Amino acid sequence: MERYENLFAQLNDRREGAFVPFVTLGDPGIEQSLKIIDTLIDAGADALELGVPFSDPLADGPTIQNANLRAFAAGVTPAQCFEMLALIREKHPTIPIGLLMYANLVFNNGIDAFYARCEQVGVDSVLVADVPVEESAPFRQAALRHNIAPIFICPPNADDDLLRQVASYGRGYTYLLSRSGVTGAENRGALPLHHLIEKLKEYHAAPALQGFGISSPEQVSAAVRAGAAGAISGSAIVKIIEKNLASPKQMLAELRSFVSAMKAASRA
């Protein structure tokens, strides 16, 4: 499929950036997570980035560590995540869906089989957080065989060789890291380096989404103004889940308000 390509073409025609929330699948339970995701979409999410709970999420700070923990407390497994993904896609045919994976969950039981399942349920991209471009060959090859975009990360310090590799190897979107360290709203990153955003375009990279530390509408607006195609926010969204665990209706209301405000910032 061409879900990201279609999305970015539509947004470009409207001079608009993408706003892409991250949540952990099955946090705080399967049913509530499905409602959360429908709320994100209804509030204006252009695409989704969805984490499969993993025992050892080494690129995530405490907020997302705790989301993984909540999902495990609810008994969430990767098989249940794929059932959720199929349902989400059946409700929402055009929204791009990206997974945030750790390598063992992809490799476990066969890399090719993992990407085949992604294709079956209608996932559009997979970002394997602990596979750098240097180790990426079997992942990116399997992704492409199954019509899945492999997503790669461009650090703010990326040298020319790395930019060329990310531009060549990735598809769908290019993940532009706002800073070093791990996920977290508590740590704000930098503005996209115009050198990076411009080199990526020079090398015909997939459109850039900036992520890590994006928690306010002003940062969304700023990312787009710097030349990124959009912005991803995770911890800020997951914190609303965490704060409102005891109040599921209030949780959805606050998620709706927050996403609406973040999406509004991406408009020209």
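Whichever C-alpha set is largest while still superposing within 1.5 Å between the two forms counts as the rigid core. Sequential numbering from 1, following the sequence displayed.
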Between 134 to 142 and 100 to 108, which has the larger RMS C-alpha deviation from this form in 8 other deposited structures of this protein after core superposition? 100 to 108
Superpose by the rigid core: which stretch, 64 to 72 or 211 to 219, shows more Cα shift in 8 other deposited structures of this protein? 211 to 219
Would you say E186 is commonly dropped, meaning unmodelled in a third or more of the other compared entries that have residues on each side of it? yes
Name the higher of the two by mean Cα B-factor in the PDB entry, 193 to 201 versus 173 to 181. 193 to 201
Please compare 138 to 146 with 151 to 159 and name the stretch with the higher mean C-alpha B-factor in the deposited structure. 151 to 159
Based on the deposited C-alpha B factors for this chain, I'd like to know if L127 is in the lowest, middle or highest third. lowest
Taking the C-alpha B-factors as the PDB entry records them, is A74 in the lowest, middle or highest third of its chain? highest
Can you tell me which third, lowest, middle or highest, the CA B-factor of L48 falls into for its chain? lowest
Report the third (lowest, middle or highest) to which the CA temperature factor of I37 belongs, ranking only the modelled residues of the same chain. lowest
Taking the entry's C-alpha B-factors for this chain, is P57 in the lowest, middle or highest third? middle
